Amino acid sequence: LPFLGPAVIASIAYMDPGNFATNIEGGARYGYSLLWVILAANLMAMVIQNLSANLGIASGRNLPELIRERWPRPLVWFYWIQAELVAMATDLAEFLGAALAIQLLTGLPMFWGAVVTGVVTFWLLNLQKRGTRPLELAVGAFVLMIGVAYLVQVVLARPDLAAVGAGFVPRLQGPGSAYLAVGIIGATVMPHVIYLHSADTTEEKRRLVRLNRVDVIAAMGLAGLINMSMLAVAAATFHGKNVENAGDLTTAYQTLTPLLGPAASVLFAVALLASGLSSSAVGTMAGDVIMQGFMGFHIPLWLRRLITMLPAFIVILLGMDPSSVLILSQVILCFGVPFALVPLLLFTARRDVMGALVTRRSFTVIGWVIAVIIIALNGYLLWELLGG
Ligand SMILES: CCCCCCCC/C=C\CCCCCCCC(=O)OC[C@H](O)CO
Ligand SMILES: CCCCCCCC/C=C\CCCCCCCC(=O)OC[C@H](O)CO
Ligand SMILES: CCCCCCCC/C=C\CCCCCCCC(=O)OC[C@H](O)CO
Ligand SMILES: [Cl-]
Ligand SMILES: [Cl-]
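Residues numbered from 1 in each chain as written, not as in the entry; some residues may be left out. Chains lettered and ligands numbered in written order. Heavy atoms only, no water. Residues with missing side-chain atoms left out of burial classes, pairs and counts.

Per the PDB record, this model was obtained through X-ray crystallography at a reported resolution of 2.4800 Å.

Asker: Looking at this structure, how should I read the overall build of the chain?
Answerer: Counting its secondary structure elements, the chain contains 17 helices and zero strands. The globule rule puts the C-alpha radius of gyration for 388 residues at 21 Å, and the 20 Å found for the chain is close to it. For the chain, the C-alpha atoms occupy an extent of roughly 60 × 55 × 45 Å along the three principal directions. (Helix = DSSP H or I, 4+ residues; strand = E, 2+ residues; numbered from the N terminus. Rg over C-alpha atoms; globule rule 2.2 N^0.38 Å.)

Asker: Just checking my understanding: could you explain the nonpolar core for this structure?
Answerer: Considering soluble globular proteins, one finds that nonpolar side chains tend to be buried as a cluster. One finds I185, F294 and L341 to be the most contacted residues of the largest nonpolar core, which totals 100 residues. Considering every element that reaches this core, the biggest residue donor is helix α5 (residues 73-106), with 13 residues. The contact partners of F294, leaving out residues within four places of it in the chain, are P64, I67, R68, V76, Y79, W80, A83 and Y195. Core analysis: the second largest hydrophobic core is formed by eight residues, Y14, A45, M220 and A223 among them. (Core = buried A, V, L, I, M, F, W, Y, C linked by side-chain atoms within 4.5 Å. Buried < 20%, exposed > 50% of the residue type's maximum accessible area, 1.4 Å probe, protein only. Contact = heavy atoms within 4.5 Å.)

Asker: What's the story with the site of ligand 2 in this structure? I'm lost.
Answerer: Every residue lining ligand 2 is accounted for by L43, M44, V47, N50, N54, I217, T359, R360 and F363. Residue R360 places a main-chain N or O atom 3.3 Å away from an oxygen atom belonging to ligand 2. At five residues, the largest contribution of residues to the shell around ligand 2 is made by helix α3 (residues 35-59). Residues belonging to the shell around ligand 2 are distributed by class as follows: five nonpolar, three polar and one charged. (Near = heavy atom within 4 Å. Polar contact = N/O pair within 3.5 Å; in protein donor to acceptor, adjacent residues only side chain to side chain. Nonpolar A, V, L, I, M, F, W, Y, C, P; charged D, E, K, R; others polar.)

Asker: What am I meant to see in unusual backbone geometry here?
Answerer: Keep in mind that most residues, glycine aside, have a negative phi and that most peptide bonds are trans. Unusually for a residue other than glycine, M190 sits at a positive phi of about 60°. Tracing the backbone shows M190 in the loop between α9 (175-189) and α10 (191-194).

Asker: Just checking my understanding: could you explain the side chain of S329 for this structure?
Answerer: Take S329: it is sitting in helix α15 (residues 322-347). The exposure class of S329 is buried, given its relative accessible area of 2%. The contact partners of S329, leaving out residues within four places of it in the chain, are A89 and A93.

Asker: In this structure, what is going on with the packing of helix α4 (residues 63-70) against α15? I would like to understand it.
Answerer: The packing of two helices is summarised by the inter-axis angle and the distance between the axes. In the contact formed by α4 and α15, the axes pass within 11 Å of each other and the chain directions differ by 75°. One way to sum up the angle between α4 and α15 is to call them roughly perpendicular. In this structure, α4 contributes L63, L66, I67 and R70 to the contact, and α15 contributes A340, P343, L344 and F347. (Axes fitted to C-alpha atoms, helices over the stretch in contact; angles between N-to-C directions. Parallel < 35°, antiparallel > 145°, perpendicular 65-115°, else oblique.)

Put into structure tokens, the structure is as follows:
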């Protein structure tokens, strides 16, 4: 593949419907003041995903399998349940985003939107490796081109450069800002990948480590520029204008209207649907690998797909706002990150696991600082959600 090739394919996988929810709402409600969050969360994701990838290369096993073989039964069971909750919140945002996109495209109610998504995800579940390549290449194009749109639009929108520069200085402005900051971190780090991304020769093992290190930083850098662009465009579009339903995904197409014209609405919803269909399908398979890795057995794949749809339909029948619950799921995912980092930081520092590929002492320290920072942000948010 060409030089930039790997950076493009891995970046579209990072574009969750939860990124749309957090970037649009972040810019429309708090201007440019959360740009440092997207930047910080992206750098932390570069460290974390590198440790996750180097653990699979050095040890030949994934994190659930290493926990199952090395830790006591009650701790394996605890981390299995915690990993299953991460899979629930991860698939909830993706499945609900696709159903919402169906509603934006056709006008059907959210219930039937989730039913359409359910048939598609059930049918996509049956298809083997043959057939996924034409569909995953098409959804990659929609999501990639909507990302290039925001990269171009961030220049044509003429954003307030003084406010853009100030937005890179870390500032939390109220309790609602921390809630959205936590959601941005949860949407960037993606703890479900931590448990799955891990899934011979020392000189050959170092080649894959150096090769993976370059590809993930090019992809995270591209995904980080697009996320900041989507937030900055949302800030320039809505912030300080008292627009009806500002930051909401039902009116988010207005961010690309001066560029795409009358096509902005369909092109946004199509990209939202493609971002949710591919993500909901790969995540429910990743949930199957995680249980088999933790427990040594797995439930039928159709049953897991059904259980993951139950929170989606319940949220719909409750009448809850889809854009609001997409942000909540990313907030919950951010609470699962510190639990995922503890086995990651410990295993990658052991020679009997990594061999000659033991992590540098400095990057282990940086990883623990990242874990302490996220615990601090989660506890700070949890304190203000219980009064105090
Ligand atoms: C709490 C939620 C739990 C819901 C409980 C199930 C609800 C029934 C739905 C579909 C059953 C029919 C679809 C599956 C039947 C064919 C699938 C199959 O392959 O056989 C099933 C069996 O597990 C060997 O694999
Ligand atoms: C304000 C920001 C606060 C965020 C906190 C700082 C996060 C960024 C720090 C370093 C990034 C460098 C990571 C680039 C890739 C490094 C490779 C790696 O992660 O691990 C390899 C290991 O060292 C093999 O032995
Ligand atoms: C507690 C709240 C405020 C604290 C804020 C600072 C966080 C604590 C400092 C470092 C964390 C532990 C990192 C240092 C231990 C790393 C383990 C290590 O590097 O050991 C060598 C490794 O085994 C090579 O093989
Ligand atoms: Cl261990
Ligand atoms: Cl401003």
